[PDB]
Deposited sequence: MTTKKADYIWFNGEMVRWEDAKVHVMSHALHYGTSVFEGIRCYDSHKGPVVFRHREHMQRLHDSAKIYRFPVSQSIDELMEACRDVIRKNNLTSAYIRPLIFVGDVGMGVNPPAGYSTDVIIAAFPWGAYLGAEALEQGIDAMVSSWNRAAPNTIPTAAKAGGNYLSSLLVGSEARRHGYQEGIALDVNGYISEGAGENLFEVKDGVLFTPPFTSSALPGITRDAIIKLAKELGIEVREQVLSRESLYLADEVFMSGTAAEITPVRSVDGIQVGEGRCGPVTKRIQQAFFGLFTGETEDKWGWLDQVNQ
């Protein structure tokens, strides 16, 4: 929780940010959102890969044809505004584009506009978590677009994630409809074999993670070979290391899958190198060669 939420261009008090119960998105999952992080760095509060996230927000809406009146730049300025207005230095930002109070028909009436909200609030990675392969599979290829970060998609992440927690594990790993590894409930999956980094392609129903992309680029900078390919379920038991990636989860090591220990049962050497290079970005140790750090105070 925090004071003020950016709502359709206005800074509204947190308490007053309410929508009608007949809002389309509440009944039909017709919303698109993002997960962004603001880090306190050597150069002050900085939004990690800000433009990339807002670009994906637009891409997700594009796929479902949701009309978005704000440009990427407008959304970016609004985001910084909400962090400053709330006096935050370290936070989690949540942009949300949703179909509001329009008719009750599935197809919104022509000429409608979407409601936009940007809320920000203040904001394990060493011992490694225990994961299990879920009995639920992720969405098939040409059904509900897995490349779009839409609300309705999360019924799948709820099923996969809750099942793992009900059986005593920290996270669940979902396979696609073909029986290949897709990703965790809400984070991308990586494997390290003989010093090589492996990760499933988007065609394995894995969402194009921005943390995932950052890791791939950092790994190449470190001289580590990266192979984007379909992975079998057994590979999880044969891998030297395995870790998850996501904005909220950052880089989370996995020490065991289905009760089977992953090489030594602790954060591996390659996972360690990547973690250091990742966190080094906010200390100045890792040079920001790509322009991933967006200053809140511009």
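Student: What residue ranges of the deposited sequence are absent from the coordinates?
Tutor: Coordinates drop out over 1-4, 128-134.
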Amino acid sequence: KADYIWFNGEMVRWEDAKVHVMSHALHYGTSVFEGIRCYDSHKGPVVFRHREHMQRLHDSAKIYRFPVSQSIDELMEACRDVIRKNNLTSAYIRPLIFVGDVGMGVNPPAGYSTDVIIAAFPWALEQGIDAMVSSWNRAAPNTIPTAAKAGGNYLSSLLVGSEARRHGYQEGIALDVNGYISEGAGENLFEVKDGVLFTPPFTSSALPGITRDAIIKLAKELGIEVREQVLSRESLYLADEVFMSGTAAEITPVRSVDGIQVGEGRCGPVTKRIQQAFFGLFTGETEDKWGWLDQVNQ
From here on, numbers count along this sequence of modelled residues.
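Student: Do the CA atoms of 161-169 or those of 136-144 have the higher mean B-factor in the entry?
Tutor: Taking the mean C-alpha B-factor of 161-169 and of 136-144, the larger value falls to 161-169.
Student: Which is higher on mean Cα B factor in this entry, 222-230 or 209-217?
Tutor: Result of the comparison: 222-230.
Student: Looking at 31, 247, 41, 235, which has the biggest Cα B factor in the entry?
Tutor: In the PDB entry, the greatest C-alpha B-factor among 31, 247, 41, 235 is found at 41.
Student: Determine which member of 150, 118, 110, 131 has the highest CA B-factor, using the values in the deposited entry.
Tutor: Within the set 150, 118, 110, 131, 110 shows the top C-alpha B-factor.
Student: Taking the C-alpha B-factors as the PDB entry records them, is residue 122 in the lowest, middle or highest third of its chain?
Tutor: As the PDB entry reports it, the C-alpha B-factor of residue 122 lands in the highest third of its chain.
Student: What third of the chain does residue 54 rank in for C-alpha temperature factor, lowest, middle or highest?
Tutor: Residue 54: CA B-factor falls in the lowest third of its chain.
Student: Quick check for you: using the entry's CA B-factors within this chain, is residue 183 in the lowest, middle or highest third?
Tutor: As the PDB entry reports it, the C-alpha B-factor of residue 183 lands in the lowest third of its chain.
Student: By its CA B factor, does residue 20 count among the lowest, middle or highest third of the modelled residues in the chain?
Tutor: Lowest third of the chain for residue 20's C-alpha B-factor.
Student: Going by the entry, which third of its chain does the Cα temperature factor of residue 176 land in?
Tutor: Residue 176: CA B-factor falls in the lowest third of its chain.
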